Structures are given as structure tokens and as C-alpha cells.
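The primary structure of each chain is shown beneath.
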Amino acid sequence: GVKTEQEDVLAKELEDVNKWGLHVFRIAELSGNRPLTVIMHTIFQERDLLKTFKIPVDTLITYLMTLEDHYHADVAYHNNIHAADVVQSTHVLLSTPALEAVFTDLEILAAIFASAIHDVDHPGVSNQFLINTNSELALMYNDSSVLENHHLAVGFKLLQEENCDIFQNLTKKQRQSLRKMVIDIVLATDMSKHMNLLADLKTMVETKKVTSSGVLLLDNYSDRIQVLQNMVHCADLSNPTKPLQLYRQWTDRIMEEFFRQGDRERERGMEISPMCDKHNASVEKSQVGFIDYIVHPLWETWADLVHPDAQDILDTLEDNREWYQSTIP
Ligand SMILES: [Mg+2]
Ligand SMILES: [Zn+2]
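Quick notes on the rules
Residues numbered from 1 in each chain as written, not as in the entry; some residues may be left out. Chains lettered and ligands numbered in written order. Heavy atoms only, no water. UniProt positions renumbered as here; feature names shortened; annotations may be inferred. Helix = DSSP H or I, 4+ residues; strand = E, 2+ residues; numbered from the N terminus. Buried < 20%, exposed > 50% of the residue type's maximum accessible area, 1.4 Å probe, protein only. Contact = heavy atoms within 4.5 Å. Polar contact = N/O pair within 3.5 Å; in protein donor to acceptor, adjacent residues only side chain to side chain. Expected span 1.5 Å × (residues − 1). Arc of directions from axis to C-beta. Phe/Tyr/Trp six-rings, centres within 6.5 Å; stacked < 30°, edge-to-face > 60°. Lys NZ or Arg CZ within 6 Å of the ring centre and 35° of its normal.

For this coordinate set, the PDB header names X-ray crystallography as the determination method and states a resolution of 2.1700 Å.

If you want it as C-alpha cells, here you go:
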């Protein structure tokens, strides 16, 4: 009737679910490689989303396990642990004081569902690799946000498996709005969209308006979805902002995945993609470059939007950047 000793240690780790720096690798081990299922279940309960959207709990668990099973266990980075991490990171960003009572239950559901599906069935190679090899996926999506289109299509298609339709009790109006937001969020995870997303976030910080209660004013769809898009984008680019023990595990994983792509490119006589050549790699210099050109400008702009809620996240990012700089040989 009550939990095993393993289930109890897992539940104690899940008490950090509202904190930046959750031990997500430990949750992966303890859950029997079910980090996405257990973290999504915990967040759905915590935010009362089963009651709000009348999601049968058996349907939720069946869908979450099905979704987790369509992440590839042999992919070192773009797997269920990364999905779980982005979900939990989105969950913390949604709870930021500057956004209190800003977003509806449906918008919260969209951002979390989007986070959960955002990399499903990732083959561990880039859009460019799928385009250059003339893959079926690239043919299907006309070389345009190939992986991100595929993630969405799989995330939604899995709702049609036996007892998997977690949206069965939503009205058509709820479903159409949820779907448009989830699509808008996942398509924005394509790094080709980063510069336009960041420009729009900066424009929003420059024209920023606050309510009498001190929270952000977002009074049109365009502004609301832009913030959710940048939020899930920040969660996706949050590794360098985590405590260094977590950041370094993510770096080991992305470099294993990139080097594997580089090995496949070299064996096929293809040009080796940036940072994918294990014989010509500067892990440390690449991380400092990633932080300086991509991650820090994004998180600095996010920190301005929700000032001062993200100051400790930005501090961890700057400390991690200095640590990698100090190890450049
Ligand atoms: Mg992705
Ligand atoms: Zn991702």
C-alpha cells in the first residue's frame, strides 16, 4: 500500500522540484530511467492540472511513459533526461515572482507540455546532417525546422495510442488554443530562430510595463507567446546556469553526441560540423564562446525582464563562464 525504499528516496529528491539545480540525473537513476514521467506527474499534481483539465491519472501516466519511451536511450544529450530537465526548468521559470498570476492554466499547460515533447524522437544529429544526407525527415519537412516539426508531430501523434489522450476532456476551443501555443513554443526551440526571439525579448524589456502589483503586463497573444517562447528557449539553454556538477554532466553528454555526429560525418566523407571533430575540439573555448555569444545575452535579457528574480541564475552563469575560461590550455 505504501512505497518501496527506492520510491521513498525518489520522493525525497522530488522535494527539490521547485528549485534550480534539481538532481535530475539522480532522479533518472532512482526512477528506473523515468525522470520525464515522474517529474511531469509531480508538476501536474503540484499545479493541480489533473483536476483543472479533468485528466484521468492513468491516462496521464500512460501518455507520459509512451512519450518517455519515444526519447532515444542511446542518445547521450537529446534524451528523456534533457526533456525532464527542460520541463522542471520551465516549471521554475513559470513560478518567478515577476510572472505571478500573469499566465492562465492553459498557457501554463502549453509551456510544460511543450517542454516535455520539445525534443521527442531526437536521433542525436542536427537538422543540417538530416538535410545533407537527404533523410526522409528532411524530405517530409522541406528542410525547414526538420527536427522541431518532427518533435511536435510525434508529441501530438502519441495522444492517439491506447489510453493516451490526456486532452480528452478539453473543449475544442481549449484544444485549438493549447495546440497553437505548443506549436509556437516548440518551433521557437530551433536555434535558427534565436536572434529574432532575442531581438523581440529586448524590444519587450525596452517597452516593459508593470501592473500595480509589480508583475509584467502582457495584454495581447503576441507578447504572451513571445514570453513563453523565450522562457522554454531559456530552459532549453539553461545547462550553463546550473551548479557546475550538473553543467559538466550536460557538457560531457552534448560533446559525446556532437563527436558521434562528427564520426558519422568523417566516415561518410562529409564536412565535419562545428564542435563535432573530437580530433580538433576545444570543449572549454567552445563553452566560453557559447556562453558569450548565445547563453549570456539571452539570460541577461531574461534577467532584465523579471528583475531581480533571475540574479542568482545570472551569477551562477558568470561563475561557470569564469571557471571554463580558467581551464583553457
Ligand atoms: Mg531541440
Ligand atoms: Zn532541447
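Colleague: Tell me about the UniProt feature "binding site: Zn(2+) 1" in the protein, and please be specific about residues and values.
Modeller: Mapped onto this structure's residue numbering, the UniProt feature "binding site: Zn(2+) 1" falls at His 82, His 118, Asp 119 and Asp 236. In three dimensions, the annotated residues from a span of 155 residues occupy one location, with a maximal C-alpha spread of 9.9 Å. For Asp 119, the position within the fold is in the loop between α7 (105–117) and α8 (127–132). Of the residues examined, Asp 119 reaches a relative accessible area of 7% and is grouped as buried. Apart from residues lying up to four places away in sequence, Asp 119 is in contact with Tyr 71, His 78, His 82, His 151 and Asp 236. Relative to the helices and strands, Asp 236 is located in helix α13 (residues 221–236). With residues near it in sequence (within four places) discarded, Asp 236 still touches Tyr 77, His 82, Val 86, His 118, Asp 119 and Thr 189. Engagement of the side chain of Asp 236 in a polar contact is seen with the side chain of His 118, the distance being 3.1 Å.

Colleague: Run through the UniProt feature "binding site: AMP" in the protein, naming residues and quoting values.
Modeller: With numbering matched to this structure, UniProt assigns "binding site: AMP" to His 78, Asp 119, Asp 236, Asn 239, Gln 287 and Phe 290. When its relative accessible area of 14% is taken as the criterion, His 78 is described as buried. Dropping the residues within four chain positions of it, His 78 is found in contact with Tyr 71, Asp 119, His 122, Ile 254 and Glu 257. Among the polar contacts listed, one links the side chain of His 78 to the side chain of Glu 257, at a separation of 2.5 Å. By the secondary structure assignment, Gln 287 is in helix α15 (residues 283–305).

Colleague: Outline helix α12 (residues 194–206), listing residues and values.
Modeller: Every α-helical turn comprises 3.6 residues, leaving residues that sit three or four positions apart pointing alike. For α12, built from 13 residues, the straight-helix expectation of 18 Å at 1.5 Å per residue is met to within 8% by its first-to-last C-alpha distance of 18 Å. Residues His 194, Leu 197, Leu 198, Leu 201 and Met 204 constitute the buried set of α12. One side of α12 holds all its buried residues, which, seen down the axis, span an arc of 120°. Seen from the buried face of α12, the exposed residues on the opposite side, beyond 90 degrees, are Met 195, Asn 196 and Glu 206. On its buried face, α12 is in contact with α13 and α15.

Colleague: How would you sum up the packing of aromatic side chains? Please name residues and give values.
Modeller: Describing an aromatic ring pair means giving the distance of the ring centres and the angle of the ring planes. What the rule picks out here adds up to 8 aromatic pairs. Here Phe 25 and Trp 250 contribute two aromatic rings whose centre-to-centre distance is 4.6 Å and whose plane-to-plane angle is 45°, an arrangement assigned as tilted. With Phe 25 in helix α2 (residues 24–30) and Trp 250 in helix α14 (residues 244–267), the pair connects residues that are 225 residues apart, well separated along the chain. Each member of the pair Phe 25 and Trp 250 is classed as buried. Pairing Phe 113 with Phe 167 gives two aromatic rings, centres 5.0 Å apart and planes at 75°, and the pair type is edge-to-face. Of this pair, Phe 113 sits in helix α7 while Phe 167 sits in the loop between α10 (146–157) and α11 (172–187), and the two are 54 residues apart along the sequence. The class of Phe 113 is buried, set by a relative accessible area of 0%. For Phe 167, a relative accessible area of 5% puts it in the buried group. In this structure an aromatic cluster arises from ring pairing among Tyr 63, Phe 113, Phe 156 and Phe 167. Taking NZ or CZ as reference, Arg 179 lies 4.5 Å from the ring centre of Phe 156, over its face.

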